[PDB]
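In structure tokens, the next block holds one chain alone, the form deposited in one PDB entry.
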């Protein structure tokens, strides 16, 4: 039945610290899954059983040694946390018993959903999945990530189904350093990120607008980097304005066949200022989801990355899934549509458009109209 797909697996709940003081925990995917059923959207979507990702699948993004280290349970590089548990970092836990599996499952799930959508068996999909992936590098786990699920799906679409142009939109509040590195020289896949940057003083410290690509891939990496601190914080008004000026123009000109989304909900309301400190509303992610459904024919999947407040991620999930189904979205407050974006957001957008005009046609057409609000841009084009 041609519709919106979902992936979940309770086995992912097993990836927990051996002891809480961990923003990335089991109850994240669980409460999202309960929300989907409570609203009834799980009953409207087609569910798909997932699998562990084979080691060779993982080796399309990561080094052999890395894949062995955090993928296999046989029969060192581990650390003691300030909570008593085992980790590989001061941030990112490790369960010697249940982690390798759960991380490989998180990847495998976001290859089923992906291939099913891209193959024609489904319209589009949302993967309720943990641990996140976009921070995991070639040989380095970090930011709660072990394997870049989204980068693996992408690499496999290249190799199996042989898809020619792929587009990764990453809207987790942090930069996807992993996903960038994975394709930093590949022109066939466009990676564009929307992250709190603040001149490189925010995790993971990468993602300068300056960073555009190398070799054949130069100009196929777009870093919508938000500098300025939190005065005022970035909100709905600021992101919708970024999609309208940076994302959609570039993405449309690229015209991809598959759209992949590292959909972290760290940007929403109620997040402590170290974890995000942005004012995005859950309701808003719908419009961003909807705007991307216009691309590639609607061949789009969203993978859960970050987002830590339980109330926040459920809201933005149900909003995102409703958008993916084709439900009539709630109107964004008149307050929001009329609100102009702050001077910091405008400086950011303009710096990006400045660098990337050298690489895109429509960014050479106009002078900056980034300053306008939605209604003020809707009226000025009529």
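Only residues modelled in both forms are compared. Take the two forms, superpose them, and find the largest set of C-alpha atoms that agree within 1.5 Å; that set is the rigid core. Positions refer to the first chain, counted from 1.
Missing coordinates between residue 19 and residue 20 amount to 1 to 3 residues of the deposited sequence. In this entry, residue 75 is separated from residue 76 by 10 or more residues of the deposited sequence that have no coordinates. According to the PDB record, 42 to 50 carries the higher mean C-alpha B-factor of the two stretches 57 to 65 and 42 to 50. Of the candidates 142, 288, 173, 150, the one whose C-alpha carries the top B factor in the deposited record is 288. When the modelled residues of the chain are ordered by their C-alpha B factor, residue 168 lands in the lowest third. In the deposited entry, the Cα temperature factor of residue 124 places it in the middle third of its chain's modelled residues. Among all modelled residues in this chain, the alpha-carbon of residue 282 has a temperature factor (C-alpha) in the highest third.
Annotation for residue 245: CA B-factor lies in the middle third of the chain's modelled residues. The entry lists a Cα temperature factor for residue 217 that places it in the middle third of the chain's modelled residues.
Although not depicted, the form solved in complex with a partner chain is the subject of the following passage.
The candidate stretches are 140 to 148, 252 to 260, 162 to 170, 224 to 232, and the one lying within 4.5 Å of the partner chain in the entry with it bound by heavy atoms is 140 to 148. Contact annotation for the candidate site: 28, 270 and 312 all lie away from the partner chain in the entry with it bound (no heavy atom within 4.5 Å).
In the entry with it bound, residue 72 stays away from the partner chain, with no heavy atom inside 4.5 Å. Within this chain, residue 184 is remote from the site of the partner chain in the entry with it bound, having no heavy atom within 4.5 Å. Interface membership of residue 201, defined by any non-hydrogen atom within 4.5 Å of the partner chain in the entry with it bound, is confirmed. Proximity of residue 94 to the partner chain in the entry with it bound falls outside the 4.5 Å heavy atom cutoff. Listed residues 248, 156, 212, 275 were compared with the partner chain in the entry with it bound; 275 is the one with a heavy atom within 4.5 Å.
With the partner omitted here, the residue from 84, 205, 297, 120 that has a non-hydrogen atom within 4.5 angstroms of the partner chain in the entry with it bound is 205. With the core superposed, residue 358 shows a C-alpha displacement below 2 Å between this form and the one not shown.
Comparing the conformations between this form and the one not shown, with the rigid core held fixed, yields only the displaced run 364 to 367, spanning 3+ consecutive residues whose C-alpha shift is 2 Å or more.
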